[PDB]
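Single-structure report; data block below.
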Amino acid sequence: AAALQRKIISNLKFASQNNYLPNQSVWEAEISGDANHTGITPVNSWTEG
Amino acid sequence: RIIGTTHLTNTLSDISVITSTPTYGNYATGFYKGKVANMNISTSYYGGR
Amino acid sequence: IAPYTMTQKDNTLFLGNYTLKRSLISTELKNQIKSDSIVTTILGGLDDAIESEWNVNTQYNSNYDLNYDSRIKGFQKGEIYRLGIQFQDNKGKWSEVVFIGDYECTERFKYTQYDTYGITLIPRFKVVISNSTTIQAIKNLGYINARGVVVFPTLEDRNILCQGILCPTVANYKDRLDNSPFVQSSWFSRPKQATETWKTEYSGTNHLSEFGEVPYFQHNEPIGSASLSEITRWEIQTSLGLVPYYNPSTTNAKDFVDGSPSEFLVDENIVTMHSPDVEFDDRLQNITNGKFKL
Amino acid sequence: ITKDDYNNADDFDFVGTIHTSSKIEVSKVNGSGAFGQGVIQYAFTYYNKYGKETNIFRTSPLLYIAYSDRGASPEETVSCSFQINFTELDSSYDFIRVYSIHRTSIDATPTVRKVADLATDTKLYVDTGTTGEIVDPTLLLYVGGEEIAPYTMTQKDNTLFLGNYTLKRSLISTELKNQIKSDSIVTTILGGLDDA
Amino acid sequence: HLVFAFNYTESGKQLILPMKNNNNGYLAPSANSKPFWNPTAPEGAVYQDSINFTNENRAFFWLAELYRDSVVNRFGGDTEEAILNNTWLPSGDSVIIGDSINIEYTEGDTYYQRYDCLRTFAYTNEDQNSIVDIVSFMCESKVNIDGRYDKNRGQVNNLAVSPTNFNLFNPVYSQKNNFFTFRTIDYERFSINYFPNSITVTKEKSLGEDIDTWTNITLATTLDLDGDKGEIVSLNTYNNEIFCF
């Protein structure tokens, strides 16, 4: 009874404005000589699979 | 004439089970998918499996 | 053309032994213009300068820029652009280009949504030449006007590939142990919160459901919980909020996961960048192991 | 007769001469461009402005128009671009011409394109598939032309006539062929690519 | 979309997006507890930094950029030689050369438009549980995002949206100033401009309300005489026939 058939949820987050960091506080994954700030793996584009 | 061999290292395996009728147990789990052989090339000992 | 002789038959003019009078700019003057160019980047805008169509009194306002000219285009802040300058004769004939140098932008776009209007600032280069000798030399060549000319960068030589938000991913416990999937796109987008007051909101009667539910966005926080104080946050019915951490001296990994194998964890260590260029430009959807920095 | 730097007897022949040892390598850049699926081969030839034209002195090997991780369907267009790295060109010539033999099947009539007429001192050029005039495949054999020993000439309507001509064909004598065969020390080696 | 992963720290921990103003950090593990996917992990097994950014006081996504550091031979080379092979485009309105030249490059190549990323949609139209997730935000792009010609924009419903309905795109609006394009010219290169044996021919004078065809020379109907007789000394007409000396 009251068995589910089809339920759907929608969401549209709206960003009315973008706040940009000053040059000093920019975050970079790579900082040479920094043990913690290691970089990024090779980028990959996902399409279907 | 046999000239060489093949260095098997891993095997990518998958399983799928579909049943016409439901499970016998009213609260049974049904099809359970376990871990089998989906390992990197580095673990070459378990090759040809 | 500088012909030598003419005839006139059937209302048609003939012109023989002609020289194509081509007027060029000497190399020394080109170098002088290059040296005398004081190029700077400024934050300009459109003539209107006030977009009253957009206000904060509405659920959604699409910033539509096709009702203006093509001067809406700007310059990426970290990009390199090969700039130049042209000159116009008394007839409207544009001269060749005078390469002045490759110059990097230094100001980004800026959209600020005020109560009743929004202000957008478009970065623009600005070349200033004040050496009166150079200007007089240019005028002596018959030039009157001047215009900006640029070579835009191709995708191969671009410093910037794309720009977009960062969305945390999610991973199931059993699949992650199996590594069939290890991560996957989050069905819900998971923004970070600027403050920690939402934690106090999820306590007692403070949280009214009409405000909306903040998703599970912390790194290893399970998507789920047993606390009824935050029940509306639950995204999966079969979740128990099992933490993805176990003591190796007590239980194995498989045994620990078997307590809730259908439990999911967030993953901010592996992300999914969503840029418009990837969706719209089909050349970025075929990247395979591209070496880039973030 | 308005040039006074003639130093060799081959400077006067109809077909141009190449003095420098051109080294032109072609590599595939992936990510930008618009090419058709198939294999592509590049051919080069110098030519003076209003002057002579050399034969096809260098031809690149076949390059594959495919994706960075898979082949291309017969009906797919690939976003590839080929960078041409010229080195030690014959600067005495006004231009260096670039061709592109494109095959879309097995032993099919290719689609020759006239890519560009670059200066003989340029060091790099990236060939996106957009630009280029589709020339007939058969005129890659007419580049430079034959070497004939005519007897008389005329000149009507800016066209040159050449009568009683001998096709100067230069062959290799049988004894020299046999000497080359005997003097050939052929061996098999285990080489690799430049990257390695 | 694009998917990548931060590299582990040199100590073996995980690198994570920084937490703004040291708020809402990662879930720290208990003592002597390891992740189930990495038993051989260091204590804590997580590294996270913070950015002292105060202008943002609401929820946000870290807006980021795929930086590329080394680019050899950007536009084919830095020399005049490479610049010769480049194609140039106009940018900005023409200004008069007075006591000084002040140019302003109005038209570039980057836009700044609202982008609605349909991150997630339904696997099928008959399944039980499906999710639709959209993130509308402003971003910089080289593609005219406002060319989206579908009317399913900024609506609360967003229930039946899909790649077939939500983000249809008309590429034409992302067009450059390609029609009028110029390029650099070498001064010392010798390109001839003298044609002693050549006759240009204009169009027959219309004698209607349009331009004078004689003043408009296009060199589209040239005619070259033999160069081994001499330059064109004179052209004359006699009884309906042109004669060239």
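Residue numbers (the entry's author numbering), protein chains in the order written: chain A, 687 to 735; chain B, 589 to 637; chain C, 295 to 588; chain D, 148 to 343; chain E, 834 to 1078.
Ideal Cβ placement from N, Cα and C applies to all residues, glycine included.
**Request:** Please compile the residues from chain E whose C-beta is within a distance smaller than 7 Å of the C-beta of D:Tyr246.
**Result:** Here residue 246 of chain D corresponds to residue number 99 of the fourth sequence, with the count starting at 1. What D:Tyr246 touches in chain E: nothing, since even the nearest Cβ is about 17 Å away.
**Bounding residues of the alpha helix (DSSP H) (the contiguous stretch that carries C:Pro462)** = For this step, residue 462 of chain C is matched to residue 168 along the third sequence. That residue, C:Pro462, is in no alpha helix (DSSP H); its beta strand (DSSP E) goes 454-466.
**Request:** Along the beta strand (DSSP E) that carries E:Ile934, what are the first and last residues, could you check?
**Result:** As a first step, residue 934 of chain E is located in the fifth sequence; it is residue number 101 there, counting from the start. 934-937 is the span of the beta strand (DSSP E), which, as asked, contains E:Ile934.
**Request:** For C:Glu507, return the contacting residues in chain E, with the cut-off set at a CB-CB distance below 7 Å.
**Result:** Here the question's residue 507 of chain C lines up with position 213 in the third sequence. Ordered by position in chain E, no residue passes the 7 Å Cβ test against C:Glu507, which lies about 12 Å from the chain.
**Message:** For E:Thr1051 and E:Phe1012, I'd like the C-alpha separation in whole angstroms.
**Reply:** Within the fifth sequence, the letter at position 218 stands for residue 1051 of chain E. Within the fifth sequence, the letter at position 179 stands for residue 1012 of chain E. One C-alpha to the other measures close to 19 Å.
**Message:** For D:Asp268 and D:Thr164, I'd like the C-alpha separation in whole angstroms.
**Reply:** Against the fourth sequence, residue 268 of chain D aligns to sequence position 121. Against the fourth sequence, residue 164 of chain D aligns to sequence position 17. A direct Cα-Cα distance of roughly 17 Å separates D:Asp268 from D:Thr164.
**Message:** Using C-beta distances below 7 Å, list every residue in its chain close to D:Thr277, excluding the 5 sequence neighbours before and after it, in chain order.
**Reply:** For the purposes of this step, residue 277 of chain D is identified with residue 130 of the fourth sequence, where counting begins at 1. The residues are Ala181.
**Request:** Give me whichever residues DSSP pairs with E:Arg947 in a beta bridge.
**Result:** Numbered from its first residue, the fifth sequence carries residue 947 of chain E at position 114. Its beta-bridge partners are E:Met971.
**Request:** Starting from D:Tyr214, find everything on chain C with Cβ-Cβ shorter than 9 Å and list it in chain order.
**Result:** The residue given as residue 214 of chain D occupies position 67 in the fourth sequence. Within chain C, the residues whose beta carbon sits less than 9 Å from that of D:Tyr214 are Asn580, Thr582, listed in sequence order.
**Request:** Please list the partners that D:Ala266 has in chain E, where partner means a Cβ-to-Cβ separation under 9 Å.
**Result:** Locating residue 266 of chain D in the fourth sequence gives position 119, counting from the first residue. Within chain E, the residues near D:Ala266 are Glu914, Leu917, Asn918, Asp1019, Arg1022.
**Asked** What whole-angstrom Cβ distance do E:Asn865 and C:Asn541 have, given they're in contact under 8 Å?
**Response** For this step, residue 865 of chain E is matched to residue 32 along the fifth sequence. For this step, residue 541 of chain C is matched to residue 247 along the third sequence. So it is a contact: roughly 6 Å between Cβ atoms.
**Request:** Alpha carbon to alpha carbon, how far is A:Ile726 from C:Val537? Give it in angstroms, no decimals.
**Result:** Walking along the third sequence from the start, residue 537 of chain C turns up at place 243. Walking along the first sequence from the start, residue 726 of chain A turns up at place 40. So the alpha carbons of these two residues sit roughly 26 Å apart.
**Request:** Output, in chain order, the set of chain A residues within a Cβ distance shorter than 9 Å of E:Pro872.
**Result:** For the purposes of this step, residue 872 of chain E is taken as residue 39 along the fifth sequence, with counting starting at 1. Close partners of E:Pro872 in chain A (Cβ separation under 9 Å) are lacking, with about 21 Å as the shortest Cβ gap.
**Asked** Between which two residues does the beta strand (DSSP E) harbouring C:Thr299 extend?
**Response** What you label residue 299 of chain C is simply residue 5 of the third sequence in a count that begins at 1. Counting along the chain, the beta strand (DSSP E) containing C:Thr299 begins and ends at 299-303.
**Message:** Please state whether the Cβ-Cβ distance between C:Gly518 and C:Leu502 is less than 8 Å.
**Reply:** Translated into the one-based positions of the third sequence, residue 518 of chain C becomes position 224. Translated into the one-based positions of the third sequence, residue 502 of chain C becomes position 208. Not closer than 8 Å, so no.
**Request:** In angstroms with no decimal places, state the Cα-to-Cα distance between residue 823 of chain E and C:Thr301.
**Result:** Outside the displayed range of chain E (834 to 1078) lies residue 823 of chain E, so it cannot be described from this structure.
**Request:** Tell whether a beta-carbon distance below 8 Å holds between D:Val282 and D:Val259.
**Result:** As a working note, residue 282 of chain D is residue 135 in the fourth sequence. As a working note, residue 259 of chain D is residue 112 in the fourth sequence. With a cutoff of 8 Å on beta-carbon distance, D:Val282 and D:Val259 are scored as near each other.
**C:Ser533 beta carbon near the ligand SAH (any heavy atom closer than 7 Å)** = Looking at this structure, you won't find the ligand SAH or any other ligand, since it has none at all.
**Item:** Span separating the alpha-carbon of D:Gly185 from that of C:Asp451
**Value:** Counted from its first residue, the fourth sequence places residue 185 of chain D at position 38. Counted from its first residue, the third sequence places residue 451 of chain C at position 157. Each residue's alpha carbon lies about 26 Å from the other.
**Request:** Output the distance between the C-alpha atoms of D:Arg250 and D:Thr192, rounded to the nearest integer angstrom.
**Result:** Numbered from 1 along the fourth sequence, position 103 holds the residue referred to as residue 250 of chain D. Numbered from 1 along the fourth sequence, position 45 holds the residue referred to as residue 192 of chain D. Rounded to whole angstroms, D:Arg250 to D:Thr192 spans 20 Å at the Cα level.
**Asked** Taking 8 Å as the CB-CB limit, is C:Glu573 close to chain D?
**Response** For the purposes of this step, residue 573 of chain C is taken as residue 279 along the third sequence, with counting starting at 1. By this cut-off, C:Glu573 is not an interface position.
**Per DSSP, cross-strand counterpart(s) of E:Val1034** = Numbered from 1 along the fifth sequence, position 201 holds the residue referred to as residue 1034 of chain E. Paired residue(s): C:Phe308.
**Request:** Indicate whether at least one CB of chain C lies closer than 8 Å to the CB of E:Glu1042.
**Result:** As a first step, residue 1042 of chain E must be located in the fifth sequence, where it is residue number 209. Chain C contact via Cβ: absent.
**Prompt:** Which whole-angstrom value is the C-beta distance of E:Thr1054 and E:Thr1033, which I expect to be below 8 Å?
**Reply:** Looking up residue 1054 of chain E in the fifth sequence gives position 221. Looking up residue 1033 of chain E in the fifth sequence gives position 200. Correct: roughly 7 Å between the Cβ atoms.
**Cβ neighbours of C:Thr299 in the same chain (closer than 7 Å, five flanking residues each side left out)** = Mapped onto the third sequence, residue 299 of chain C falls at position 5. So the qualifying residues of the chain are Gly310, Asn311.
**Request:** Look at the alpha carbon of D:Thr149 and the alpha carbon of C:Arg316, and state the distance between them as a whole number of angstroms.
**Result:** Mapped onto the fourth sequence, residue 149 of chain D falls at position 2. Mapped onto the third sequence, residue 316 of chain C falls at position 22. Spanning the two alpha carbons is a distance of roughly 23 Å.
**Prompt:** So, are the CB atoms of D:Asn305 and E:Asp1057 less than 8 Å apart?
**Reply:** Counting from 1 along the fourth sequence, the entry for residue 305 of chain D is found at position 158. Counting from 1 along the fifth sequence, the entry for residue 1057 of chain E is found at position 224. It is a contact, given that the beta carbons lie within the stated cut-off.
**Asked** Does the Cβ-Cβ distance between C:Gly378 and E:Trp870 come in under 8 Å?
**Response** For the purposes of this step, residue 378 of chain C is taken as the residue at position 84 of the third sequence. For the purposes of this step, residue 870 of chain E is taken as the residue at position 37 of the fifth sequence. At least 8 Å separates the beta-carbon of C:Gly378 from that of E:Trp870.
**Request:** Write down the C-beta distance between C:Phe308 and E:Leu1068 rounded to the nearest angstrom, noting that I regard them as a contact closer than 8 Å.
**Result:** On the third sequence, residue 308 of chain C is found 14 positions in, with the first residue counted as 1. On the fifth sequence, residue 1068 of chain E is found 235 positions in, with the first residue counted as 1. With a Cβ gap of about 6 Å, C:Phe308 and E:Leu1068 count as contacting.
**Request:** Please name the residue in E:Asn857, E:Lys867, E:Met852 whose C-alpha comes closest to that of C:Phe550.
**Result:** The count along the third sequence starts at 1 and reaches residue 550 of chain C at position 256. For the residues E:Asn857, E:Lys867, E:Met852, the minimum Cα distance to C:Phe550 belongs to E:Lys867.
**Cα-Cα separation between E:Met971 and E:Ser995, rounded to whole angstroms** = Walking along the fifth sequence from the start, residue 971 of chain E turns up at place 138. Walking along the fifth sequence from the start, residue 995 of chain E turns up at place 162. So the two alpha carbons sit approximately 21 Å from each other.
**Message:** In whole angstroms, give me the CA-to-CA distance for C:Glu573 and E:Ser969.
**Reply:** In the third sequence, counting from the first residue as 1, residue 573 of chain C sits at position 279. In the fifth sequence, counting from the first residue as 1, residue 969 of chain E sits at position 136. Looking at the two C-alpha atoms, the distance is approximately 14 Å.
**Message:** Buried or exposed for A:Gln691, going by 16 or more other Cβ atoms inside 10 Å?
**Reply:** Here residue 691 of chain A is taken as the residue at index 5 of the first sequence, counted from 1. The residue is exposed, with fewer than 16 neighbouring Cβ atoms inside 10 Å.
**Request:** Please list the residues of the region 281-311 of chain D that have a C-beta atom closer than 7 Å to any C-beta atom in chain E, keeping them in chain order.
**Result:** Taking 7 Å as the upper bound on Cβ-Cβ separation, chain E lies near residues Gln302, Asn305 of the region 281-311 of chain D.
**Item:** Interface positions of the region 514-532 of chain C facing chain E (Cβ-Cβ less than 7 Å), listed along the chain
**Value:** Per Cβ criterion, the list reads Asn514, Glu515.
**Asked** Using a beta-carbon distance below 8 Å, is C:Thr448 in contact with chain D?
**Response** Working through the third sequence from its first residue, we reach residue 448 of chain C at position 154. It does; some Cβ of chain D falls within 8 Å.
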